[PDB]
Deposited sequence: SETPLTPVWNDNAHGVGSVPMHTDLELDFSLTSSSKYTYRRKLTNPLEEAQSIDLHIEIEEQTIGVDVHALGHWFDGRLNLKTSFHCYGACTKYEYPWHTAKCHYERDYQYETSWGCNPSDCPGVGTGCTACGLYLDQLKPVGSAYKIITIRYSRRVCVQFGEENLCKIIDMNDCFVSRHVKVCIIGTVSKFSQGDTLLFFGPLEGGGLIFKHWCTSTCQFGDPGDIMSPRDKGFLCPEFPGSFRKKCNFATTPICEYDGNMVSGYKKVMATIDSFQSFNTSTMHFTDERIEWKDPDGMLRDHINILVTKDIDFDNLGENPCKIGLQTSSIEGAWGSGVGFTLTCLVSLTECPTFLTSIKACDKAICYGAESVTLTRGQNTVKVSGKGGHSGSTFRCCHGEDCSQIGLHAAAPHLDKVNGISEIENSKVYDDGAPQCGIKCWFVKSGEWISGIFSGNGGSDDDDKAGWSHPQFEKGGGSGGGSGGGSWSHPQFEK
């Protein structure tokens, strides 16, 4: 079933929830003080949504670095690879050029991140839902729901890579202005407008002599950035994606497998009116019997009420003297099963007042006029 919680103090829940998990909390909040009347609390927390503001960096490429050596007043010699989009050239000559260029993904620089969760709270007959974030607690009269923060493999300034079809890697270090071959992000096509070539910081070691024929020997890095990443893939954090929403300069999705957790704090105020707002399986009938005293300022009046309790042996509550949804007095009483006589002292009202015996929002059908104070 569902457990009960005597609200002797504020209830507080503090816990960590998996981003791809929902959470349900249900409890009967029973009256502190020696009464077992109770208000239902029902909380539903939905899966985490991830929203990121980004700058699109264009496509990352794989490729193969090739080195060709040529010997024959070098100037002007055109070589058949001068039509290569990325080539570097330094009697003999040496030529690096990039071949087998293939796109492997679209990359995006994170500007700002925001984790949301939808939260629904029912407290008694009140039900309210809100999408919350760390900068916006769920607030109601009796219940607060806060996200303290999230443990995340994503960060600001990080770069996200999407494999085709949109796989995914997190990079904490992405080349921006100067890219050397072998770096993450080394070969880029931003905007698709042009081709951004990497640099080759290595040196050419010209081996020169007779008969053996010369060889150009480049001593820099020969392995592309993409290959280096795949070769040490465990150094990088992968992610999977579901329920995507690619709005060009914003990406919102739900993480489908573990990965992130957040901290949830739930606080439920002790200050609760268990009358009016709460329930009791006890059924109470009220009727006015008689009245004495005066309306308005002075001695005041006393209303006698007949009060019936069923479905329990005793019930501690308050019986009130009210008129037209204004109350003028109340008496606390422990009722016994069957009929009870309760005298309630009150003050106030006017000549047109009909004072009824009342409990919560329920009042008897009969009410009485008190006498004039003159």
Numbering from 1, run down the deposited sequence and write out every stretch that has no C-alpha in the structure.
-> 1 to 14, 87 to 89, 108 to 128, 205 to 206, 415 to 495
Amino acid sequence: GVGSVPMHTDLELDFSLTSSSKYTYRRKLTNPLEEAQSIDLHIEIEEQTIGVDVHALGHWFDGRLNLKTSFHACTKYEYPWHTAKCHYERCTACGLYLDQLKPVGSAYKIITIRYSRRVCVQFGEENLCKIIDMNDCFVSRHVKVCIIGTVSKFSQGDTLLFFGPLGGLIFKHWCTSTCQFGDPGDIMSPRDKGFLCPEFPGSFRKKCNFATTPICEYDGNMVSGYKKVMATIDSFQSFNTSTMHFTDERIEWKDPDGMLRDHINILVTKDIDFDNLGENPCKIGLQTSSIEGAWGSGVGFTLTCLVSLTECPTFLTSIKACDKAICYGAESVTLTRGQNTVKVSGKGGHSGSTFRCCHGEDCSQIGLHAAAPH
From here on, numbers count along this sequence of modelled residues.
Hey, which bit's got the bigger mean C-alpha B factor in the entry, 46 to 54 or 31 to 39?
-> 31 to 39
Mean C-alpha temperature factor, higher of 75 to 83 and 279 to 287 = 75 to 83
Given 270, 261, 114, 193, the residue at which the Cα B factor reaches its maximum = 193
Could you check 144, 245, 254, 153 and tell me which one carries the biggest Cα B-factor in the deposited entry?
-> 245
When the modelled residues of the chain are sorted by Cα temperature factor, does residue 331 land in the lowest, middle or highest third?
-> middle
Temperature factor at the Cα of residue 208, chain-ranked in thirds, falls in the highest
Here the Cα B-factor of residue 109, set against its chain, lands in the third termed lowest
Quick tally, chain-level thirds of C-alpha B-factors: residue 368 sits in the middle
Sort the modelled residues of this chain by their C-alpha B factor and say whether residue 299 lands in the lowest, middle or highest third.
-> highest
